[PDB]
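The data below hold one chain only, encoded as structure tokens and taken in the form deposited without the DNA.
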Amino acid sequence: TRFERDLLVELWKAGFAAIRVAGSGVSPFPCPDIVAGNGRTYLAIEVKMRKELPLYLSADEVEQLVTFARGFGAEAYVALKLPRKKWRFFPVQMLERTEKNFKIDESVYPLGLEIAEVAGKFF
């Protein structure tokens, strides 16, 4: 949750108004960790910090994120922070489907976007 706050700062710096979601996992409704918007692009973000790859994500967590994004009208992203690395943003298409769940390993991580690119995608 310390890390969710750091990402908020980076999002605001990149031109997004962003909020952390109160009780993401503690609620009945699909929930991301952060929701952000800049008037054109809207983001539903699951926020993860790991000491090393790979990041594993359950099918359920990704399904929930995608369902929320569809209902809200936002793009679904996983934001992953590793030590000594800037935040990297993975559209859900970029997640590897494997063993009935999802993963970001060494073959996927380098393709993750920096926050500036997420904004520019619209154009």
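Throughout, rigid core stands for the largest set of C-alpha atoms superposing within 1.5 Å between the two forms. From 1 onward, residues are counted along the sequence shown. Only residues modelled in both forms are compared.
One more form of this protein, solved in complex with the DNA, exists but is not displayed; see below.
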*4.5 Å heavy atom contact, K100 and the DNA in the deposited bound form*: yes
_I'd like to know whether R88 contacts the DNA in the deposited bound form, with contact meaning heavy atoms within 4.5 angstroms._
no
*Could you tell me if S27 has a non-hydrogen atom within 4.5 Å of the DNA in the deposited bound form?*
yes
*Give a yes/no on whether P110 approaches the DNA to within 4.5 Å in the deposited bound form, heavy atoms considered.*
no
*Which residues in 62-90 have a heavy atom within 4.5 Å of the DNA in the deposited bound form?*
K81, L82, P83, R84, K85, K86
*Note yes or no: does the Cα of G71 move by 2 Å or more between the shown form and the other one after the core is superposed?*
no
_Rigid core superposed, CA of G39 - does it shift 2 Å or more between the shown form and the other one?_
no
*asked:* I want to check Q93: does it shift between the shown form and the other one by 2 Å or more at the Cα, with the core superposed?
replied: no
*Rigid-core superposition between the shown form and the other one, with residue runs of at least 3 whose C-alphas all shift by 2 Å or more*: 1-4, 27-29
